[PDB]
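Peer 1: Supplied in structure tokens, the structure appears directly below.
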Amino acid sequence: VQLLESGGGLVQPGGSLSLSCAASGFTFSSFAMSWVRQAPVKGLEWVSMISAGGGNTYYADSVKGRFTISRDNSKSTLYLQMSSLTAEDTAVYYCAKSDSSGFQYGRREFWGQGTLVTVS
Amino acid sequence: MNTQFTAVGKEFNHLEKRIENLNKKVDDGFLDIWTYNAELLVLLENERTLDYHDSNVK
Amino acid sequence: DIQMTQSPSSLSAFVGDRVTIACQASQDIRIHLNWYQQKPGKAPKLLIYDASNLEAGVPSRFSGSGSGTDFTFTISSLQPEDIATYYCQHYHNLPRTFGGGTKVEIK
Amino acid sequence: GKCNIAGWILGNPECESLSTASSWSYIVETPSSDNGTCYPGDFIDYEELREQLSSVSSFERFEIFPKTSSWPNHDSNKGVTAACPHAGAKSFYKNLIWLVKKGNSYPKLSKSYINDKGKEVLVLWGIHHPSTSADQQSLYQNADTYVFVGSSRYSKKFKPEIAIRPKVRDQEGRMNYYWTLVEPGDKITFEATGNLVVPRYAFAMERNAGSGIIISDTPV
Amino acid sequence: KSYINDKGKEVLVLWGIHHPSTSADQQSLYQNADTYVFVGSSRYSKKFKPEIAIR
Ligand SMILES: *[C@@H]1O[C@H](CO)[C@@H](O[C@@H]2O[C@H](CO)[C@@H](O)[C@H](O)[C@H]2NC(C)=O)[C@H](O)[C@H]1NC(C)=O
């Protein structure tokens, strides 16, 4: 199936930026979705995840509420709003389809191609 | 009166008619008890409320 | 949190050679382990899930095993198309985490 | 809405548009509801399943046996029927896969799932009962098959009953639906030489006691 | 055999299955040594198989 990311680009320190992922080929509303970040230094880490119904979220403690994850099921679109950007937030961000509506029993997932966010 | 959280309806299939009828028996029995007691309780209390007031006037 | 340790950080072998890498959990994670293949310029592809269950479309030369804290990944006899960074990821509980990855070069 | 519980749980093609809530206080079906068991057959202990699902504190659907990677020796794409159409196409239940012989054989099937995460898992499957011996040859090849399913609590061998039955939704055969619950720490296994419809999706849950099902056109 | 109930009332249909004491009775009565019985409707579907035993 297909996941297409957009947004990203250059943001100054502080500020904010909205990232998004458009989904097709599957019922968006049937699966949990998540964001993963790939830094040039730290290979891979999770940023956030949201349940299929939008009822439950989890964030990395490297974020602690600095970023917000949300969904629009009608438009099959996943969003990540990042605020107060720092140097450590420079990374390629990726969206993924989670194999479960509830996080806990998902086993495998996959990513679309990501977008680069540079903080400078 | 203190009702517990409940669920009254029950579903039975094609070959469970005796149970469905048992469930009906239970609902009907409870209905007759509550209806009868509720009617008498109200009538009895009303008789006394009115006499109570008459007593106070005297 | 359960942080995975992956080793070696880099491996190099000639085509036809047998290649394996290892990964450890800090805690017993039963078999809740995914292996990914990241080719340069691409999002990582899942190759193996539940420690040893090969994913659809993945060549039969790829395999794996392990449980608890000690896991392994193999690509059997190495083909030139297999240059990638391979990653160890677990989903035992939250947060999900990744190891550092093993870069596999071919020559 | 228009679906009944069997439709929603099995994945009737017309129940796909329904949203999924992580918890339910009660279940509402309209009196006009008539979508489920689109391939004619019995749903075993249907009333008991309906009662168990009336109130759930936590619910999630996950793919238990992935469609594209779990059955390399079986055909997972030809499993469609005119009895469960989707936008005019032959189709099938979204949560089930009707496996058929690959090429000219149906190698013995063997699968398991270990429920080590802590919630109970509802697993559904079904059994195909072809109208005739020609269908058994068309779909499975093995002429005399069996299906075996079990857990630490559930154990049952099934055997297909081939017969010409009255035609319902254009089918002369039947497909029965069965289900069990896998308690945490246990595993469920499936074994078959044919006629098994396997789950691809399963539901993890934590149940509440004391609710029920309302049949009504009253709006939510 | 079949019967179509197109008249409007429900019809109660009864039948039964013979379970012979021995294989000699199966030969005396039916000849076919390994038999089955199948009955069904849009709602009912059941295959039966005789259980021969000395009771
Ligand atoms: C979903 O339910 C509808 C009924 O609400 C089914 O449509 C009926 O199908 C029969 C058999 O072809 C027709 O005789 C009726 O006239 C149809 N009713 C309506 C209102 O169109 C539909 O087939 C069901 N779909 C699935 C996949 O189960």
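Residues are referred to by chain and number: the chain letter is A, B, ... according to the order shown in the structure tokens, the number counts from 1 in that chain, and ligands are numbered separately from 1 in the order shown.
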Around ligand 1, out to 12 Å and counting only C-alpha atoms and all ligand atoms, which residues are there? I want them as a PyMOL selection string.

Peer 2: chain D and resi 1-4+6-8+10-16+30-40+80-94+167-171

Peer 1: Write the residues of the selection above to a file with N, CA and C atoms, as a compact mmCIF listing (two decimals), in the first residue's frame.

Peer 2:
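Wrote it out as out_32.txt, contents follow:
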```txt
# COMPACT_ATOMS: atom_id res chain seq x y z
N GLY D 1 -25.13 -0.06 12.84
CA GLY D 1 -26.02 0.34 11.78
C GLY D 1 -26.74 -0.85 11.19
N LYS D 2 -26.60 -0.98 9.87
CA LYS D 2 -27.21 -2.04 9.07
C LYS D 2 -26.64 -3.47 9.25
N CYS D 3 -25.47 -3.61 9.92
CA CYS D 3 -24.78 -4.88 10.15
C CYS D 3 -25.17 -5.48 11.48
N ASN D 4 -25.07 -6.78 11.56
CA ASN D 4 -25.29 -7.42 12.82
C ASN D 4 -23.92 -7.73 13.37
N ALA D 6 -22.41 -10.68 13.73
CA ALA D 6 -21.61 -11.59 12.93
C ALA D 6 -20.98 -10.88 11.75
N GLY D 7 -21.67 -9.95 11.13
CA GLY D 7 -21.12 -9.23 10.00
C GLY D 7 -19.90 -8.45 10.40
N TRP D 8 -20.02 -7.71 11.46
CA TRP D 8 -18.93 -6.91 11.95
C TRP D 8 -17.70 -7.73 12.34
N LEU D 10 -16.95 -10.98 11.42
CA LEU D 10 -16.38 -11.73 10.32
C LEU D 10 -15.80 -10.80 9.28
N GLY D 11 -16.32 -9.59 9.16
CA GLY D 11 -15.81 -8.70 8.14
C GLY D 11 -16.63 -8.76 6.88
N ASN D 12 -17.93 -8.83 7.01
CA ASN D 12 -18.78 -8.81 5.85
C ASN D 12 -18.36 -7.60 5.04
N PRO D 13 -18.24 -7.67 3.71
CA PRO D 13 -17.81 -6.59 2.85
C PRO D 13 -18.57 -5.28 3.05
N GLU D 14 -19.79 -5.35 3.53
CA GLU D 14 -20.61 -4.16 3.76
C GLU D 14 -20.47 -3.49 5.13
N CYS D 15 -19.64 -4.06 6.04
CA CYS D 15 -19.44 -3.62 7.41
C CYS D 15 -18.08 -2.95 7.51
N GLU D 16 -17.41 -2.83 6.37
CA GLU D 16 -16.07 -2.25 6.30
C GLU D 16 -16.06 -0.78 6.67
N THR D 30 -29.73 -2.00 14.27
CA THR D 30 -31.07 -1.56 13.93
C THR D 30 -31.93 -2.80 13.69
N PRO D 31 -33.27 -2.75 13.77
CA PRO D 31 -34.18 -3.82 13.43
C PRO D 31 -34.07 -4.25 11.98
N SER D 32 -33.56 -3.36 11.15
CA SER D 32 -33.38 -3.57 9.73
C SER D 32 -32.06 -4.24 9.41
N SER D 33 -31.24 -4.44 10.42
CA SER D 33 -29.94 -5.03 10.20
C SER D 33 -30.05 -6.39 9.60
N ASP D 34 -29.27 -6.61 8.55
CA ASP D 34 -29.28 -7.90 7.87
C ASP D 34 -28.01 -8.21 7.08
N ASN D 35 -26.82 -8.01 7.69
CA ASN D 35 -25.52 -8.27 7.05
C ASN D 35 -24.60 -9.05 8.00
N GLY D 36 -24.30 -10.30 7.61
CA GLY D 36 -23.47 -11.25 8.32
C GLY D 36 -23.69 -12.59 7.70
N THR D 37 -22.79 -13.52 7.99
CA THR D 37 -22.86 -14.85 7.40
C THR D 37 -23.42 -14.84 5.97
N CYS D 38 -22.78 -14.02 5.07
CA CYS D 38 -23.11 -13.90 3.65
C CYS D 38 -22.80 -15.18 2.90
N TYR D 39 -21.90 -16.00 3.39
CA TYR D 39 -21.75 -17.27 2.76
C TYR D 39 -22.63 -18.10 3.68
N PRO D 40 -23.72 -18.73 3.23
CA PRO D 40 -24.66 -19.42 4.08
C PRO D 40 -24.02 -20.48 4.94
N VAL D 80 -12.78 -16.39 -3.18
CA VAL D 80 -13.87 -15.43 -3.30
C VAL D 80 -15.19 -16.09 -3.66
N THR D 81 -16.28 -15.37 -3.44
CA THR D 81 -17.60 -15.85 -3.78
C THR D 81 -18.59 -14.77 -4.19
N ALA D 82 -19.56 -15.17 -5.01
CA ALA D 82 -20.61 -14.27 -5.45
C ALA D 82 -21.62 -14.02 -4.35
N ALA D 83 -21.57 -14.85 -3.32
CA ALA D 83 -22.47 -14.68 -2.18
C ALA D 83 -22.08 -13.48 -1.29
N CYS D 84 -20.82 -12.96 -1.38
CA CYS D 84 -20.29 -11.88 -0.55
C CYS D 84 -19.66 -10.84 -1.49
N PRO D 85 -20.42 -10.24 -2.40
CA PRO D 85 -19.91 -9.37 -3.41
C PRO D 85 -19.47 -8.07 -2.82
N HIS D 86 -18.53 -7.43 -3.47
CA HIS D 86 -18.08 -6.11 -3.07
C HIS D 86 -18.00 -5.21 -4.27
N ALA D 87 -18.88 -4.23 -4.33
CA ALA D 87 -18.94 -3.34 -5.48
C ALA D 87 -19.09 -4.14 -6.78
N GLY D 88 -19.84 -5.24 -6.71
CA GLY D 88 -20.10 -6.10 -7.86
C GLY D 88 -19.07 -7.21 -8.09
N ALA D 89 -17.94 -7.17 -7.40
CA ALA D 89 -16.90 -8.16 -7.58
C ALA D 89 -17.09 -9.32 -6.65
N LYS D 90 -16.62 -10.50 -7.02
CA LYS D 90 -16.67 -11.57 -6.04
C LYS D 90 -15.69 -11.21 -4.95
N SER D 91 -16.05 -11.49 -3.71
CA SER D 91 -15.14 -11.17 -2.62
C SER D 91 -15.35 -12.10 -1.46
N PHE D 92 -14.86 -11.72 -0.30
CA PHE D 92 -14.99 -12.58 0.85
C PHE D 92 -14.89 -11.75 2.11
N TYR D 93 -15.00 -12.39 3.24
CA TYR D 93 -14.95 -11.72 4.50
C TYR D 93 -13.59 -11.09 4.72
N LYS D 94 -13.57 -9.87 5.21
CA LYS D 94 -12.32 -9.19 5.44
C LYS D 94 -11.45 -9.80 6.51
N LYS D 167 -30.39 -24.32 -2.40
CA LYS D 167 -29.59 -23.18 -2.77
C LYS D 167 -29.97 -21.90 -2.05
N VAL D 168 -28.99 -21.30 -1.39
CA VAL D 168 -29.16 -20.06 -0.64
C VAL D 168 -28.11 -19.05 -1.10
N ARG D 169 -28.53 -17.87 -1.55
CA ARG D 169 -27.58 -16.87 -2.07
C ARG D 169 -26.69 -17.50 -3.13
N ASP D 170 -27.33 -18.31 -3.96
CA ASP D 170 -26.75 -19.05 -5.06
C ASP D 170 -25.77 -20.15 -4.69
N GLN D 171 -25.61 -20.46 -3.41
CA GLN D 171 -24.68 -21.50 -3.01
C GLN D 171 -25.39 -22.80 -2.68
```

Peer 1: Using only C-alpha atoms, which residues sit within 9 Å of residue 46 of chain A once same-chain residues fewer than 4 positions away are excluded, as a PDB file with N, CA and C atoms, in the first residue's frame?

Peer 2:
```pdb
ATOM      1  N   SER A  34       2.029   5.652  13.167  1.00  0.00           N
ATOM      2  CA  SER A  34       3.106   6.200  13.968  1.00  0.00           C
ATOM      3  C   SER A  34       4.187   6.940  13.221  1.00  0.00           C
ATOM      4  N   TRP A  35       4.994   7.700  13.977  1.00  0.00           N
ATOM      5  CA  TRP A  35       6.145   8.407  13.433  1.00  0.00           C
ATOM      6  C   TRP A  35       7.443   7.885  14.037  1.00  0.00           C
ATOM      7  N   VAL A  36       8.436   7.744  13.170  1.00  0.00           N
ATOM      8  CA  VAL A  36       9.787   7.288  13.466  1.00  0.00           C
ATOM      9  C   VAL A  36      10.803   8.282  12.957  1.00  0.00           C
ATOM     10  N   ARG A  37      11.828   8.515  13.740  1.00  0.00           N
ATOM     11  CA  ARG A  37      12.850   9.466  13.377  1.00  0.00           C
ATOM     12  C   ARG A  37      14.242   8.869  13.201  1.00  0.00           C
ATOM     13  N   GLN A  38      14.884   9.214  12.092  1.00  0.00           N
ATOM     14  CA  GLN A  38      16.237   8.750  11.823  1.00  0.00           C
ATOM     15  C   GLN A  38      17.232   9.866  11.839  1.00  0.00           C
ATOM     16  N   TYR A  59       4.024   9.126  23.430  1.00  0.00           N
ATOM     17  CA  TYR A  59       5.130   9.908  22.931  1.00  0.00           C
ATOM     18  C   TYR A  59       6.402   9.461  23.563  1.00  0.00           C
ATOM     19  N   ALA A  60       7.477   9.629  22.833  1.00  0.00           N
ATOM     20  CA  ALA A  60       8.792   9.380  23.354  1.00  0.00           C
ATOM     21  C   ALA A  60       9.071  10.389  24.452  1.00  0.00           C
TER      22      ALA A  60
ATOM     23  N   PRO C  95       8.740   2.142  25.289  1.00  0.00           N
ATOM     24  CA  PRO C  95       8.909   2.561  23.913  1.00  0.00           C
ATOM     25  C   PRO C  95       9.481   1.445  23.103  1.00  0.00           C
ATOM     26  N   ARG C  96       9.177   1.427  21.826  1.00  0.00           N
ATOM     27  CA  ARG C  96       9.805   0.469  20.952  1.00  0.00           C
ATOM     28  C   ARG C  96      11.185   1.010  20.727  1.00  0.00           C
ATOM     29  N   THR C  97      12.168   0.145  20.572  1.00  0.00           N
ATOM     30  CA  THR C  97      13.526   0.642  20.374  1.00  0.00           C
ATOM     31  C   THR C  97      14.249  -0.100  19.293  1.00  0.00           C
ATOM     32  N   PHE C  98      15.356   0.480  18.865  1.00  0.00           N
ATOM     33  CA  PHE C  98      16.226  -0.087  17.851  1.00  0.00           C
ATOM     34  C   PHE C  98      17.650  -0.170  18.358  1.00  0.00           C
TER      35      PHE C  98
END
```

Peer 1: Among the residues of chain C, find those DSSP assigns to strand (DSSP E) from the backbone and print them as a PyMOL selection string.

Peer 2: chain C and resi 5-7+10-13+18-24+33-38+45-49+53-54+63-67+70-77+84-90+97-98+102-106

Peer 1: Would you give me, as JSON lines, each residue of chain D having an atom within 12 Å of an atom of chain E, along with its shortest atom pair and that distance in Å to one decimal, using only C-alpha atoms and sorting by chain and residue number?

Peer 2:
```
{"residue": "D:39", "atom": "CA", "partner": "E:42", "partner_atom": "CA", "distance": 11.9}
{"residue": "D:40", "atom": "CA", "partner": "E:42", "partner_atom": "CA", "distance": 8.2}
{"residue": "D:41", "atom": "CA", "partner": "E:43", "partner_atom": "CA", "distance": 7.8}
{"residue": "D:42", "atom": "CA", "partner": "E:43", "partner_atom": "CA", "distance": 7.9}
{"residue": "D:43", "atom": "CA", "partner": "E:43", "partner_atom": "CA", "distance": 11.1}
{"residue": "D:129", "atom": "CA", "partner": "E:45", "partner_atom": "CA", "distance": 10.4}
{"residue": "D:131", "atom": "CA", "partner": "E:45", "partner_atom": "CA", "distance": 12.0}
{"residue": "D:159", "atom": "CA", "partner": "E:47", "partner_atom": "CA", "distance": 10.5}
{"residue": "D:160", "atom": "CA", "partner": "E:47", "partner_atom": "CA", "distance": 9.5}
{"residue": "D:161", "atom": "CA", "partner": "E:47", "partner_atom": "CA", "distance": 6.3}
{"residue": "D:162", "atom": "CA", "partner": "E:47", "partner_atom": "CA", "distance": 8.6}
{"residue": "D:163", "atom": "CA", "partner": "E:38", "partner_atom": "CA", "distance": 7.3}
{"residue": "D:164", "atom": "CA", "partner": "E:40", "partner_atom": "CA", "distance": 9.0}
{"residue": "D:165", "atom": "CA", "partner": "E:40", "partner_atom": "CA", "distance": 6.4}
{"residue": "D:166", "atom": "CA", "partner": "E:41", "partner_atom": "CA", "distance": 6.0}
{"residue": "D:167", "atom": "CA", "partner": "E:42", "partner_atom": "CA", "distance": 7.4}
{"residue": "D:168", "atom": "CA", "partner": "E:42", "partner_atom": "CA", "distance": 6.6}
{"residue": "D:169", "atom": "CA", "partner": "E:42", "partner_atom": "CA", "distance": 10.1}
{"residue": "D:170", "atom": "CA", "partner": "E:42", "partner_atom": "CA", "distance": 11.5}
{"residue": "D:171", "atom": "CA", "partner": "E:42", "partner_atom": "CA", "distance": 10.4}
{"residue": "D:172", "atom": "CA", "partner": "E:42", "partner_atom": "CA", "distance": 9.7}
{"residue": "D:173", "atom": "CA", "partner": "E:45", "partner_atom": "CA", "distance": 9.9}
{"residue": "D:174", "atom": "CA", "partner": "E:45", "partner_atom": "CA", "distance": 8.6}
{"residue": "D:175", "atom": "CA", "partner": "E:45", "partner_atom": "CA", "distance": 10.8}
{"residue": "D:176", "atom": "CA", "partner": "E:45", "partner_atom": "CA", "distance": 10.4}
```

Peer 1: Can you pull out the residues contacting residue 25 of chain A? Cut-off 12 Å, using only C-alpha atoms, and skip same-chain residues under 5 positions away; I want them as a ChimeraX atom specification.

Peer 2: /A:1-4,30,76,97

Peer 1: Distance limit 8 Å, atoms considered: only C-alpha atoms. Which chain B residues sit that close to chain D? Return them as a ChimeraX atom specification.

Peer 2: /B:5-13

Peer 1: Could you list the residues in chain D lying within 12 Å of chain C, using only C-alpha atoms, and format the result as JSON, numbers by chain?

Peer 2: {"D": [64, 65, 66, 67, 68, 69, 70, 71, 72, 111, 112, 113, 114, 115, 116, 117, 118, 185]}

Peer 1: Okay, now the selection with C-alpha atoms, as a PDB file, in the first residue's frame?

Peer 2:
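Saved file again.pdb follows:
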```pdb
ATOM      1  CA  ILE D  64      -2.844 -12.705  13.499  1.00  0.00           C
ATOM      2  CA  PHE D  65      -1.708 -14.599  10.411  1.00  0.00           C
ATOM      3  CA  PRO D  66      -0.517 -12.155   7.727  1.00  0.00           C
ATOM      4  CA  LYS D  67      -2.132 -12.756   4.364  1.00  0.00           C
ATOM      5  CA  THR D  68       0.956 -12.485   2.261  1.00  0.00           C
ATOM      6  CA  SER D  69       3.549 -14.261   4.396  1.00  0.00           C
ATOM      7  CA  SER D  70       1.827 -16.963   6.383  1.00  0.00           C
ATOM      8  CA  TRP D  71       0.845 -19.377   3.663  1.00  0.00           C
ATOM      9  CA  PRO D  72       3.525 -19.726   0.944  1.00  0.00           C
ATOM     10  CA  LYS D 111       0.136 -22.913  12.134  1.00  0.00           C
ATOM     11  CA  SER D 112       0.200 -21.481  15.576  1.00  0.00           C
ATOM     12  CA  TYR D 113      -0.058 -18.243  17.473  1.00  0.00           C
ATOM     13  CA  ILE D 114       1.111 -17.562  20.978  1.00  0.00           C
ATOM     14  CA  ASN D 115      -0.888 -15.108  22.985  1.00  0.00           C
ATOM     15  CA  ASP D 116       1.771 -13.850  25.351  1.00  0.00           C
ATOM     16  CA  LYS D 117       0.700 -10.211  25.584  1.00  0.00           C
ATOM     17  CA  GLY D 118      -1.971 -10.323  28.344  1.00  0.00           C
ATOM     18  CA  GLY D 185       0.003 -17.434  27.895  1.00  0.00           C
TER      19      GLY D 185
END
```

Peer 1: Tell me, as a list in words, which residues lie within 7 Å of residue 66 of chain C, counting only C-alpha atoms; anything in the same chain fewer than 5 positions away does not count.

Peer 2: residues 51, 71 and 72 of chain C
